[PDB]
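Okay, so here's just one chain, in structure tokens, the form deposited in one PDB entry.
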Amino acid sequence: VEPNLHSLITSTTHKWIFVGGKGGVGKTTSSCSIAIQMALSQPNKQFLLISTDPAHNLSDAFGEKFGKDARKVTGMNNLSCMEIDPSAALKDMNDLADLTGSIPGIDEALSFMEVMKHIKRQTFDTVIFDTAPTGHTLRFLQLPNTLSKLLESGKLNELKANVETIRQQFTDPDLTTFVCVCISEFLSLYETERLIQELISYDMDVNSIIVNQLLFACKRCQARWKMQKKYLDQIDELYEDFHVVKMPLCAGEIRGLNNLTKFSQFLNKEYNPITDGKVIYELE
């Protein structure tokens, strides 16, 4: 099973791609990267990257301002981002809205409504979700089942049909898949294993794991690599049947289309220290 996401990046069937895992592991960095690789690789198709983390970071990552209305990434012809602000969205729908935009769960509700509107309206060929950390993303992926059972007039029936339709698409391995991102450390590895078990139980396809921030080894770096390697061995045993993609810690943060594009190549053809080592240092 190839150690890269080339199969996903060139997929001709996938409509919904979730990128998830523990906090700070690189979900935003990776979902920007997957979205860039897909857009470059399939010029004919139109891609949306939507952040369902209420503390959005797509604008921070690209260095340009996104919002509830999809906008093209400057420099791309076929990649767009969206960051929904619930109180802004509600304030528009209402035309108390504002109080509602502050209720726990409103973020997931509006993100789901965005999915339904792409169902109803059928714009973008593929949607990539840069998700909130693990715990709240599981709640989001359960929404189709949840709404189904709760609902269980013509507009209520309309809501019902649409959620059943999402439930069916989300559980179709050709249409929907979840890419896990993790770091090779105890707290991340165990959280990721719990997440994968839960996803399998939801009948959601999960076939890929990005292991990010690897040192591939300064005494501090030598000790930290020794640790990463121990958990990396475990990841190899556990996830033998998965695409496991090993990504390096770079010499600086990864921001802007240029640097994100440069990092994203290694999701497509896997990082090789022999041939690619200099690249880590171009991010300073």
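In this text, the rigid core denotes the largest set of C-alpha atoms whose superposition between the two forms falls within 1.5 Å. Don't overthink the numbering: it's just position in the shown sequence, from 1.
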Cross-entry absence of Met93, a third or more of other PDB entries:
yes
With respect to the deposited sequence, is there a break between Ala217 and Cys218 in this entry, and if so is it 1 to 3, 4 to 9, or 10 or more residues, or none at all?
4 to 9
Per the entry, how many deposited residues between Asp95 and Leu96 lack coordinates? The answer is 10 or more
Name the higher of the two by mean Cα B-factor in the PDB entry, 86-94 versus 197-205.
86-94
Out of 8-16 and 21-29, which one has CA B-factors that are higher on average in the deposited record?
8-16
Among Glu152, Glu185, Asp130, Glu108, which residue carries the highest C-alpha B-factor recorded in the PDB entry?
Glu152
For the CA B factor values reported in this entry, which option in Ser80, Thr177, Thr192, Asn162 has the top one?
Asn162
Lowest, middle or highest third: where is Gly67 by C-alpha B factor in its chain?
middle
Chain thirds of CA B-factor: placement of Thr171:
middle
Quick tally, chain-level thirds of C-alpha B-factors: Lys226 sits in the highest
On the chain's distribution of Cα B-factors, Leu238 falls within the third called highest
Assigned third (lowest, middle, highest) for the C-alpha B factor of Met113
middle
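Quick note: we don't show the form deposited in another entry, though the next part is all about it.
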Core-aligned between this form and the one not shown, the sole member of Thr177, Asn212, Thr137, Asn78 showing a Cα shift of 2 Å or more is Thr137
Has the Cα of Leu199 moved 2 Å or more between this form and the one not shown, judged after a core fit?
no
Align on the rigid core first; then say whether the Cα of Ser188 has moved by at least 2 Å between this form and the one not shown.
no
If the two forms are fitted on the core, does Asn162 show a Cα displacement reaching 2 angstroms between this form and the one not shown?
yes
Quick one: with a 3 Å or larger change, is the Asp107 to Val19 CA distance smaller or larger in the other form? Answer closer or farther.
farther
Have a look at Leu138 and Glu185: in the other form, are their Cα atoms closer together or farther apart than in this form, given the change is 3 Å or more?
farther
